[PDB]
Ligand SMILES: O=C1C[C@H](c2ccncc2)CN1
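So this first bit is one chain, no partners, the form solved without (4R)-4-pyridin-4-ylpyrrolidin-2-one, shown in structure tokens.
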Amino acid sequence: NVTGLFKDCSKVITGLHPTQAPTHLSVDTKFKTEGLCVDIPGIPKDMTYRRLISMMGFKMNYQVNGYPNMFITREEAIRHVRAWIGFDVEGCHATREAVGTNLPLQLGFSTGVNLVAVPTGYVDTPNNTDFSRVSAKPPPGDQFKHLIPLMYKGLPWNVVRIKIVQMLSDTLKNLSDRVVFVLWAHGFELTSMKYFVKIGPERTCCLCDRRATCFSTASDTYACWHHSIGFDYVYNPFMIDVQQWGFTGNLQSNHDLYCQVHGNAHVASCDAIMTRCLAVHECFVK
């Protein structure tokens, strides 16, 4: 059994030298012998590679004392309805040097905001992982036409995550002590969260008694929604996948059973808006 998490997206499928491969699976076949690997003097290390590593496939089912879990029950979500923010991401596709993973392109929220990121991925090198721009294309097909202009209008991730934190802080400061991202088919939204979410034990704000909702890599400090100006990471968010509540069929068909005023505009924020709308109708009607 293998997973897609951390799949090596290099166009040409090959493994690495045993000293460089992150895992047994990823070692070059030349070095493998029944479950083990051999060193072969004469077949040297690769000192120039750049291998795109897929962030698709995270599973947040950890159980670690003192670390709150990101994904919450329906009952806990309902207590925290004032914190609900619908969230959806449209991606672009890795291309040229790499194929097989998707990069966040348009990030949409139930506030109506869409943020556009330059295509950026995690690239292994002989010395580290390089968070860097990667070649990408919009999804092929006419239903994806609106994504073509976005491909050259993105912002760098350091700007995007600051804008996310600022949007969430402005929206939530007078609503809740947390955020609950309301998702539908959460896989790629969770992938996208890798770009702007950090987790750990509960902390307090560096300026007041409220729980920390944000983190600053520059200063290694924490803050609540009221005091997060300039902060770059969302810290300990919560989240729920509405699709997991037993629906059959797509988001729009289920949304439309209860609501007639959200026409599908085929954009990330629209999915985010319909997802929060459906969640409200399902949890609070009947």
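Whichever C-alpha set is largest while still superposing within 1.5 Å between the two forms counts as the rigid core. Residue numbers here begin at 1 and follow the sequence given. Only residues modelled in both forms are compared.
Below: the form deposited with (4R)-4-pyridin-4-ylpyrrolidin-2-one bound, not depicted.
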| Taking the partner as it appears in the bound PDB entry, which of 168-176, 98-106, 146-154, 196-204 has residues with heavy atoms within 4.5 Å of (4R)-4-pyridin-4-ylpyrrolidin-2-one? | 168-176
| said: Just checking whether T111 would be counted as a contact of (4R)-4-pyridin-4-ylpyrrolidin-2-one in the bound PDB entry - the rule being heavy atoms within 4.5 angstroms. | reply: yes
| Should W84 be classed as touching (4R)-4-pyridin-4-ylpyrrolidin-2-one in the bound PDB entry when contacts are defined as heavy atoms within 4.5 Å? | yes
| Pick from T23, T19, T14, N264: whose Cα moves by 2 Å or more between this form and the one not shown, rigid core superposed? | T14
| query | If you overlay the rigid core, what runs of at least 3 residues show Cα shifts of 2 angstroms or more between this form and the one not shown? | reply | 12-14
